[PDB]
Amino acid sequence: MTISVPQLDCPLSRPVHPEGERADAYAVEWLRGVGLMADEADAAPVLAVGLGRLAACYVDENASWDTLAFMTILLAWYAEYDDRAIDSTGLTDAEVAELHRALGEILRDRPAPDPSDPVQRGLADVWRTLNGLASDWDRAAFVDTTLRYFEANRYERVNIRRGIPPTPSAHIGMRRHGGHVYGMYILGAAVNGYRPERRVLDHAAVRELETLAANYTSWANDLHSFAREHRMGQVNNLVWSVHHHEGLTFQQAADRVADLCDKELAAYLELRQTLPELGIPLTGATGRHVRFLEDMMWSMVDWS
Amino acid sequence: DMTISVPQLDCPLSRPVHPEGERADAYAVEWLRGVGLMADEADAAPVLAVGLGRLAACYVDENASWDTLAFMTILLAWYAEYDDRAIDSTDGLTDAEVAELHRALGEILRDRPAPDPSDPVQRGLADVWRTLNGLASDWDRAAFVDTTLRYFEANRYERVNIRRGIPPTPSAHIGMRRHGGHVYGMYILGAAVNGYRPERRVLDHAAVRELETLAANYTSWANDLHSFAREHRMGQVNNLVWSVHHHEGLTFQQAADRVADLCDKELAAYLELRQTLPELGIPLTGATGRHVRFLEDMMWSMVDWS
Ligand SMILES: [Mg+2]
Ligand SMILES: [Mg+2]
Ligand SMILES: [Mg+2]
Ligand SMILES: [Mg+2]
Ligand SMILES: [Mg+2]
Ligand SMILES: [Mg+2]
């Protein structure tokens, strides 16, 4: 709490979509039309989140307000679920298991089993808008990443109830599923109108480059949100874990996390440069996919 | 060169060896001469000292058939010849020859005959494939073929790095090394051979996935830690000691010490996840229990066998 989070210099630049602030208000609008917030709740603490500006970081400049609005809706729904169902506990394990079962039922195009639960309406709306804006994409892969995201959330809840942070290694492993970064990649492909060949996405080099990018993004998020997650007792934070198991001050832990981020950025750049020599050019959809991976890296730094 | 001191690795995982081990050793040589990977009157003492049959004994049950132990020895011997000729040497092979090797070996995995039955590696993989299909009934052949394709791609990556003469980033190497050793294929083959197959609803669970990654990391880093000298002489820069010394500014001794400490930390993490698994809804009872036990088998096998 009484520590100073270092900066992260990453050589990735990107322009923001101009309608960002709009989506902010729209976020609140949607957030009030679904049930995550109700009517006479101050929107200034919610506009300060900047849900629309992050969505602007995730879509092209030449994108529709429909697309930017959908990205804002999805990022707003993720924020409410992660805050309500994971970090507070609180909710019982039976309630969260039912939430997971029912949300996984929505992804199978079936109606929300409890349309009075606000999260059910929210995910149903996100799913219908996503199916309206997408043409050809691997829905099965996204549903699988969502199942693993739910399992990682259950893991996060186990650790939070234990009151202890996981091992740094075990946390790095489970954090890739805990943030749904692969689902983010799949949705960025489906939304922005590009889909790489599965003959490339399954390539080992592309696989490990995706893992490196997800590591950088999620560790940057942890480094920035350490204070907020530490106050709430959310021990699923790499700073928590490094301080706990490696015997470091919270300041030393944050510094080591920043250095690990720098090293992982170097690793990502090395792999990316090696990709063309392996027979994978960053030309067509693969190029846009790598550029979207890079988007989320810079987005975390500049947005946080 | 100078002198390096490989630290020891204490892991609280114990396992008995299959008794027919030494037998398999000789059998390995026999098979290596019956396929073309070994020629006529070549001294078997440098090959028996490898202990390909003893590792196979570490990978199968005590109460297992000589058919099973023999297939395990054949497979571990074929991996050793392929990995040494097609990866670490480049004498050497051209990139086109290795690309043809990969295409043809992946063609064997599609149940087609070896395109070049005079190439010893082709006969070897053909024999391994027919023996594997003879000893297995219902298993994920597709998953193993996918792991073999990624293994071949990681081999191409290893060759790119060796040709560059430079080791990759530690992180980039840890990421690729899991494919460079075919450890997931090893898990799949251990399931298929020893007569157990976990539910895909469990193997796809995130906890099981990351526990598999932890086990593979431990195994591969231990392998790197022990084979650093052999891979350093051969210019094989796909070694975690190489990479840590190169990019983190450490002595080779400091790099080996750092790799050993990372191995210790990853063992701790593996134990933490394994203990957490039942709370997540995954008991270590049926085939999942035997799967976790096989993961532990390879972690101990690396330490004790090397
Ligand atoms: Mg969370
Ligand atoms: Mg949170
Ligand atoms: Mg966070
Ligand atoms: Mg090799
Ligand atoms: Mg080798
Ligand atoms: Mg080695």
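Quick notes on the rules
Residues numbered from 1 in each chain as written, not as in the entry; some residues may be left out. Chains lettered and ligands numbered in written order. Heavy atoms only, no water. Helix = DSSP H or I, 4+ residues; strand = E, 2+ residues; numbered from the N terminus. Buried < 20%, exposed > 50% of the residue type's maximum accessible area, 1.4 Å probe, protein only. Areas by Shrake-Rupley, 256 points an atom, 1.4 Å probe, with all protein chains shown as cover. Rg over C-alpha atoms; globule rule 2.2 N^0.38 Å. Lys, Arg positive; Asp, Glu negative; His and termini not counted. Charge placed at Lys NZ, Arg CZ, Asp CG, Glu CD. Donors = N, O, S within 2.8 Å, 3.2 Å for Na, K, Ca; no water. UniProt positions renumbered as here; feature names shortened; annotations may be inferred. Axes fitted to C-alpha atoms, helices over the stretch in contact; angles between N-to-C directions. Parallel < 35°, antiparallel > 145°, perpendicular 65-115°, else oblique. Left-handed = near helix turned anticlockwise from the far one by under 90°. Contact = heavy atoms within 4.5 Å. Nonpolar A, V, L, I, M, F, W, Y, C, P; charged D, E, K, R; others polar. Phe/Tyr/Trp six-rings, centres within 6.5 Å; stacked < 30°, edge-to-face > 60°. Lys NZ or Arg CZ within 6 Å of the ring centre and 35° of its normal. Core = buried A, V, L, I, M, F, W, Y, C linked by side-chain atoms within 4.5 Å. Buried area = accessible area lost by both parts, 1.4 Å probe. Salt bridge = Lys/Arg side-chain N within 4 Å of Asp/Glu carboxyl O. Polar contact = N/O pair within 3.5 Å; in protein donor to acceptor, adjacent residues only side chain to side chain.

## Overview of the overall build of chain B
And then number 1: Helices and strands together make up the secondary structure of chain B, namely 14 helices and 0 strands.
And then number 2: Reading the secondary structure of chain B in the N-to-C direction produces α-α-α-α-α-α-α-α-α-α-α-α-α-α.
And then number 3: Expressed along its principal axes, the backbone C-alpha trace of chain B runs to roughly 50 × 50 × 35 Å.
And then number 4: The burial tally for chain B puts 57% of its 306 residues in the buried class.
And then number 5: Carbon and sulfur atoms form 50% of the exposed surface of chain B, whose accessible area is close to 13100 Å².

## Considerations on the overall build of chain A
And then number 1: Tallying secondary structure elements over chain A gives 14 helices and 0 strands in all.
And then number 2: The C-alpha radius of gyration of chain A comes to 19 Å, within 12% of the 19 Å expected for a compact globule of 304 residues.
And then number 3: For the C-alpha atoms alone, the extent of chain A along its principal axes is close to 50 × 45 × 35 Å.
And then number 4: Of all 304 residues assigned to chain A, the portion counted as buried reaches 57%.
And then number 5: Only carbon and sulfur atoms are counted for the fraction: they give 50% of the accessible area of chain A, which is about 12700 Å².
And then number 6: Charged side chains in chain A number 29 positive and 44 negative. The centres of these two groups are separated by 4 Å.

## Re the coordination of the magnesium ion (ligand 5)
Geometry sets the ideal angles at a metal, namely 109.5 degrees for four tetrahedral donors and 90 or 180 degrees for six octahedral donors.
Residue and element names in this part refer to chain B.
And then number 1: Within the protein, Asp83 (OD) and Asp88 (OD) serve as the donor atoms for the magnesium ion (ligand 5), at 2.1 to 2.2 Å.
And then number 2: Between the magnesium ion (ligand 5) and the magnesium ion (ligand 4), a spacing of 3.3 Å is present, and a bridge between the two is formed by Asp83.
And then number 3: With relative accessibility at 5%, the residue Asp88 sits in the buried group.

## A closer look at the UniProt feature "short sequence motif: DDxx(x)D/E motif" in chain A
And then number 1: Under the present numbering, the feature "short sequence motif: DDxx(x)D/E motif" in UniProt falls on residues 82-87 of chain A.
And then number 2: Measuring from the first to the last C-alpha atom of residues 82-87 of chain A gives 7 Å, for a span that is 67% helix and 0% strand.

## Description of the coordination of the magnesium ion (ligand 6)
Residue and element names in this part refer to chain B.
And then number 1: In the first shell of the magnesium ion (ligand 6), the protein supplies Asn223 (OD1), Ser227 (OG) and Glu231 (OE), at 2.1 to 2.2 Å from the metal.
And then number 2: Motif for the magnesium ion (ligand 6), donor spacing along one chain: N-x3-S-x3-E.
And then number 3: The magnesium ion (ligand 5) is placed at 5.4 Å from the magnesium ion (ligand 6). Within this pair, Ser227 and its partner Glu231 are both found in helix α11 (residues 206-233), separated by 4 residues, close to a single helical turn. Judged on exposure class, the residue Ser227 and its partner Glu231 are both buried.

## Some remarks on helix α9 (residues 183-193) of chain B
And then number 1: Along α9(B), 10 of the 11 residues are buried, which leaves the element largely enclosed by surrounding structure.
And then number 2: Of the residues one or two after α9(B), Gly195(B) is the one with positive phi, at around 70 degrees.

## Overview of unusual backbone geometry
Most peptide bonds are trans, and most residues other than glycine sit at a negative phi.
And then number 1: Backbone geometry places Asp109(A), a non-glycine residue, at a positive phi of 65 degrees.
And then number 2: On the basis of relative accessibility, which here comes to 48%, the residue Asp109(A) falls in the partly exposed class.
And then number 3: Phi at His182(B) is positive, roughly 55 degrees, even though this residue is not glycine.
And then number 4: Here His182(B) shows up in the loop between α8 (170-180) and α9.
And then number 5: Given the relative accessible area of 2%, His182(B) is considered buried.

## Regarding the packing of helix α12 (residues 238-245) of chain A against helix α13 (residues 250-274) of chain A
Residues and elements named next belong to chain A.
And then number 1: At a minimum axis separation of 8 Å, α12 and α13 run at an interaxial angle of 120 degrees. Comparing the axis directions of α12 and α13 gives the class oblique. Crossing angle aside, the handedness with which α12 passes α13 is right-handed. On the side of α12, the interface is formed by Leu238, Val239, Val242 and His243, while α13 contributes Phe250, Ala253, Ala254, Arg256 and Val257.
And then number 2: Residues of the contact of α12 with α13, tallied by class, amount to 7 nonpolar, 1 polar and 1 charged.

## Section: the packing of aromatic side chains
And then number 1: Enumeration over the complete set of coordinates arrives at 30 aromatic pairs over all chains.
And then number 2: Relative to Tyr151(B), the ring of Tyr82(B) lies with its centre 5.6 Å away and its plane at 65 degrees, an arrangement referred to as edge-to-face. Of the two residues, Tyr82(B) and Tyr151(B), neither departs from the other in class, the shared state being buried.
And then number 3: Ring centres 5.7 Å apart and planes at 75 degrees place the aromatic pair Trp242(B) and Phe252(B) in the edge-to-face group. Placement of the pair is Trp242(B) in helix α12 (residues 240-247) and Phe252(B) in helix α13 (residues 252-276), with a sequence separation of 10 residues.
And then number 4: With a relative accessible area of 14%, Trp242(B) lands in the buried category.
And then number 5: Under the relative-accessibility criterion, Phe252(B) is labelled partly exposed at 22%.
And then number 6: An aromatic cluster of three or more residues is present, and its members are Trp77(A), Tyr78(A), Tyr81(A), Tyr149(A) and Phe150(A).
And then number 7: One cation-aromatic arrangement involves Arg22(A) over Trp65(A); the distance from NZ or CZ to the ring centre is 4.2 Å.

## Observations regarding the nonpolar core
And then number 1: Membership of the largest hydrophobic core comes to 105 residues, with the highest contact counts inside it found for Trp30(A), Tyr58(A), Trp77(A), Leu103(A) and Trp137(A).
And then number 2: Leaving out residues up to four positions away in the same chain, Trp137(A) has contacts with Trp127(A), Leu130(A), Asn131(A), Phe142(A), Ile186(A), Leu187(A), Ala190(A) and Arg195(A).
And then number 3: Formed by 103 residues, the second largest nonpolar core is a distinct cluster that contains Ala170(A), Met38(B), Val60(B) and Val259(B).

## Here we look at the interface of chain B and chain A
And then number 1: Each partner contributes to the interface: chain B provides 33 residues, whereas chain A provides 33 residues.
And then number 2: When chain B packs against chain A, the two sides together hide about 2800 Å² of surface, and 56% of this comes from carbon and sulfur.
And then number 3: When the buried area of chain B at its contact with chain A is split by residue, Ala206(B), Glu210(B) and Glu272(B) rank highest and sum to 18% of it.
And then number 4: There are 3 salt bridges connecting chain B and chain A.
And then number 5: Seen at the junction of chain B and chain A, the total is 16 residue pairs in polar contact.
And then number 6: Residue assignment for the side of chain B that touches chain A shows that the elements contributing at least two residues are α7 (141-164), α8, α11 and α13 of chain B.
And then number 7: Considering every element that reaches the side of chain B that touches chain A, the biggest residue donor is α13(B), with 8 residues.
And then number 8: Looking at side-chain class alone, the side of chain B that touches chain A contains 13 nonpolar, 7 polar and 13 charged residues.

## Observations regarding the UniProt feature "short sequence motif: DDxx(x)D/E motif" in chain B
And then number 1: Look at the UniProt record and you will see "short sequence motif: DDxx(x)D/E motif" annotated at residues 83-88 of chain B.
And then number 2: This span, residues 83-88 of chain B, is 100% helix and 0% strand, and a straight line between its end C-alpha atoms measures 7 Å.

## Quick notes on the UniProt feature "binding site: Mg(2+) 3" in chain A
All names here are of chain A.
And then number 1: If you check UniProt for "binding site: Mg(2+) 3", the listed places come out as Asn221, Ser225 and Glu229 in our numbering.
And then number 2: Following the sequence through the fold, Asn221 ends up in helix α11 (residues 204-231).
And then number 3: On the basis of relative accessible area, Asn221 is assigned to the partly exposed category, the value being 22%.
And then number 4: Not counting the four nearest positions on each side in its chain, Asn221 is found in contact with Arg175, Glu229 and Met300.

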